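Reading the structure
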Amino acid sequence: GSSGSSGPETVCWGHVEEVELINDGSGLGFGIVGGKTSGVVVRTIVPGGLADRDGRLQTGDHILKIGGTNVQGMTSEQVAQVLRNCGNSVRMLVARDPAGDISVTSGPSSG
């Protein structure tokens, strides 16, 4: 680890990509939601903002860590304060296409 000590997290996933967002006064541009009992999720990502423009982070992205923080295990409510403290530049580990994922199917007023 660059600073003090740190180690990478390898978990059964299909697509692991790191997203680095820099608060430009406006904000990250994405909400969080404590879906799973371990980790945080992205409720939504403000359109044409910071995350959107970048085109790196995607909605409902299982957040593994935050700027080197152990969130996986705590409640989002506690993470909300972590993002702020983290500072201007934030680096969270988002992953998608998890082993045995659930396929989404549409059906407006069907059946």
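For the structure, check the block above.
Some points on the sheet that holds strand β5 (residues 89-96)
- Spatially, three strands are ordered β1-β5-β4 in an open sheet, and the strand pairing comes out antiparallel. The open sheet has two free edges, formed respectively by β1 (15-22) and β4 (62-66), since each of these has just one partner strand. Neighbour to neighbour, the strand axes of the sheet diverge by 30° on average, direction disregarded.
- Bridge count for β1 against β5 is eight bridges, and the pairing is antiparallel. Residue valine 16 lies in a different strand from β5, and its bridge partner there is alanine 95.
- Where helix α2 (residues 76-86) meets the sheet, its contacts fall on β4 and β5, and the angle it forms with β4 comes to roughly 50°.

So, unusual backbone geometry
- Phi at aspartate 97 takes a positive value of approximately 60°, unusual for a residue other than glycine.
- Here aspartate 97 lies in the segment after β5.

Scoring rules and cut-offs
- Residues numbered from 1 in each chain as written, not as in the entry; some residues may be left out.
- Heavy atoms only, no water.
- Pairing = 2+ DSSP bridges.
- Helix = DSSP H or I, 4+ residues; strand = E, 2+ residues; numbered from the N terminus.
- Axes fitted to C-alpha atoms, helices over the stretch in contact; angles between N-to-C directions.
- Contact = heavy atoms within 4.5 Å.

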